[PDB]
Amino acid sequence: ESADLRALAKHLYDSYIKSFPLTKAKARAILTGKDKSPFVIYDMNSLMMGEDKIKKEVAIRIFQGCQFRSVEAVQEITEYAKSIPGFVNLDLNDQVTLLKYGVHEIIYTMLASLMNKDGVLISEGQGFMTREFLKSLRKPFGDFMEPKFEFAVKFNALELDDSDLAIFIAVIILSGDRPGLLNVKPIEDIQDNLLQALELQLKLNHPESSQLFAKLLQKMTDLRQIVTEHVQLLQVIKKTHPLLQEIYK
Amino acid sequence: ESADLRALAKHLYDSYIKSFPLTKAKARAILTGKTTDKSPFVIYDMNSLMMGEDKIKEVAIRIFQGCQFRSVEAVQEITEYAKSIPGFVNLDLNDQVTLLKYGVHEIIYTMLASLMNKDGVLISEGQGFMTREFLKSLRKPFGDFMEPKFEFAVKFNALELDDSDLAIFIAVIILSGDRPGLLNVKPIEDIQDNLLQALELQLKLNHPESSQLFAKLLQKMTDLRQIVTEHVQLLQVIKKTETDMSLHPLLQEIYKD
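Chain order of the listed sequences is B and A. Residues 207 to 240, 243 to 263, 275 to 459, 466 to 474 in the entry's author numbering are what the first sequence lists, from first letter to last. Residues 207 to 262, 275 to 475 in the entry's author numbering are what the second sequence lists, from first letter to last.
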């Protein structure tokens, strides 16, 4: 019943809005942008001044922060997943499994919302870090962001919005291919529903955008590549406080 | 609204099950004999201790190290759980470190009671059971190292809490505003306020008969603190008597105060 679907969509959206503080509309507005400009971090002095005004070696602290941020996001995402109908009824191991392998894909999805071709919003919108400043950092820290920027420019050309992204995100989480899943069938049963809901959503929200659905699903490919590429970079950083380390694992 | 507090209770219980492999429900099933496949090997003496190693350098020292490596793991499990507490992850990163630093031993001894009866304590993910008397036998200063924990457990287990209750209790312990050296007390207190309210409701619904369970549970926090202090004291003794015993940096970091 397109109406069963319409309800799923709305619910996921409302859950999305509750779960994630900085949304795409909000991010867009600040980028474009509607109120107070964000503090702009375009080099080392700006960074130093930024930090004195707002919330060791520089390159490392920025790479670590990106971690604190990804940990935050894991919890937001994890809370969002629990709003997805069916999710909490799956085998607990499988919920853990679904999150474990899906979070990074969703982090980069959502981080596109905060990126344009020149920088990326940070500190929940208070700062803006330039692409060129991040690219400047000494190796291997000059490269970590750059594949996210190239994905984000492509992904943002879809001009998806928050209501679309809410459903896409849920589709990701419910991937029945994740390794180690105990009971794939309810996962795919839900995803299949999420897919119908996303498909109908994009037909109604972008009636002019031919095969947007398919195009968005094709981007999943780009996302996995990015994540795979990042764990690869990460092992290399493993070649560069006990308790704080435990937090980021 | 109560409804929110219930949502939060369920979320925490769920994380707790995910974060902690040996729940109280599993430990009691092993302890009470709801088992044919779940039965533990019992160590009540040196001889039995040796047989135990078979199917699971002085003894006392060994037993103590194992206890510290298990504690180091538990630090990890609790840290994992901690990240699940709504708001925790958002707090200043230094405060997050502080709350864990001062919370983890309290939590450790809370969750240990789960694994204890008056006779002894489960070990090795519950495949073994080390009697209280054996642990008491050990050469000084180790002989007394567990005893205060047993005494607390015997008393705390008298509350008959289950995993869904401890999940919230533990949360409350972590999000303590009073902890020393905290940068932003307010955002911590607000979270604890919630958790306390979640806890109160949870005990009311789960234990409708149990009058003032909430207060009695909160009072227990007092004996927890004291266990931790005595333990810290005993550790300073052991580090001095045994110059050849190594204490994990994590734990050494935590004991710094």
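No residue lacks a Cβ here, since even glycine has one placed at the ideal position from N, Cα and C.
- Not one beta carbon of chain B lies nearer than 8 angstroms to the beta carbon of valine 403 of chain A.
- Put simply, the segment 217–233 of chain B touches the segment 293–306 of chain B. At least three CB pairs are less than 8 angstroms apart.
- At least 8 angstroms separates the CB of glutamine 444 of chain B from every CB of chain A.
- With contact defined as three or more Cβ pairs closer than 8 angstroms, the segment 371–388 of chain B and the segment 415–433 of chain B are in contact.
- Contacts between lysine 319 of chain A and chain B, judged by CB atoms closer than 9 angstroms, involve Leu468 in chain order.
- The residues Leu421 and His425, in chain order, have a CB closer than 6 angstroms to that of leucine 431 of chain A in the same chain once the five nearest residues on each side in sequence are set aside.
- DSSP places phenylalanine 370 of chain B in the helix class (H, G or I) of the three-state scheme.
- Around the C-beta of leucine 413 of chain A, 16 or more other C-beta atoms lie within 10 Å, and the residue is accordingly described as buried.
- One Cα belongs to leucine 237 of chain A, the other to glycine 284 of chain A, and the distance between them is close to 21 angstroms.
- Residue state for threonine 349 of chain A is assigned as strand, using DSSP reduced to three classes.
- Of all residues in the segment 279–298 of chain A, only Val293, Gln294, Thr297 and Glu298 come within less than 9 angstroms of chain B when Cβ atoms are compared, listed by chain position.
- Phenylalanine 306 of chain B and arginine 280 of chain A have their C-alpha atoms roughly 44 angstroms apart.
- With 16 or more neighbouring CB atoms inside 10 Å of its own CB, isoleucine 388 of chain A falls in the buried class.
- When DSSP states are grouped into helix, strand and coil, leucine 414 of chain B belongs to the helix group.
- Contacts with chain A at 8 angstroms (Cβ-Cβ) do not include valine 277 of chain B.
- Residue environment analysis places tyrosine 327 of chain A among the buried positions, since at least 16 neighbouring C-beta atoms fall within 10 angstroms of its C-beta.
- When the alpha-carbon of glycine 338 of chain B is set against those of B:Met329, B:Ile262 and B:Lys354, the nearest one is in B:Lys354.
- Using a Cβ-Cβ cut-off of 7 angstroms, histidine 217 of chain A is close to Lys301 of chain B, given in chain order.
- With a cutoff of 8 angstroms on beta-carbon distance, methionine 257 of chain B and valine 277 of chain B are scored as not near each other.
- In the three-state reduction of the DSSP assignment, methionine 334 of chain A falls in the strand class.
- In the three-state reduction of the DSSP assignment, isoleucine 388 of chain B falls in the helix class.
- Take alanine 331 of chain A, set aside five residues on each side of it, and the residues of its chain with a beta-carbon closer than 7 angstroms to its own are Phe370, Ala371, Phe374 and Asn375, in chain order.
- Distance from the Cα of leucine 379 of chain A is smallest, within the candidate group A:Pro359, A:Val403 and A:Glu418, for A:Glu418.
- Residue burial is scored here from C-beta neighbours: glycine 346 of chain B has at least 16 other C-beta atoms within 10 angstroms and is therefore classed as buried.
- Note on geometry: alpha-carbon atoms of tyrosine 250 of chain A and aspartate 411 of chain B lie some 56 angstroms from one another.
- A residue is called buried once 16 or more other Cβ atoms fall within 10 Å of its Cβ, and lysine 319 of chain B, having fewer, is exposed.
- In this structure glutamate 324 of chain A is buried. Its beta-carbon is surrounded by 16 or more other beta-carbon atoms within 10 angstroms.
- A Cβ-Cβ separation of about 13 angstroms leaves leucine 393 of chain B out of contact with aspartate 310 of chain B under the 8 angstroms criterion.
- Just so you know, the alpha carbons of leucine 436 of chain A and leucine 211 of chain A end up roughly 18 angstroms apart.
- Secondary structure at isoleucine 303 of chain A: coil, using DSSP grouped into helix, strand and coil.
- Secondary structure at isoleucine 249 of chain A: strand, using DSSP grouped into helix, strand and coil.
- By the criterion of a C-beta distance shorter than 7 angstroms, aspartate 462 of chain A is surrounded by no residue of its chain, once the five residues flanking it on both sides are discounted.
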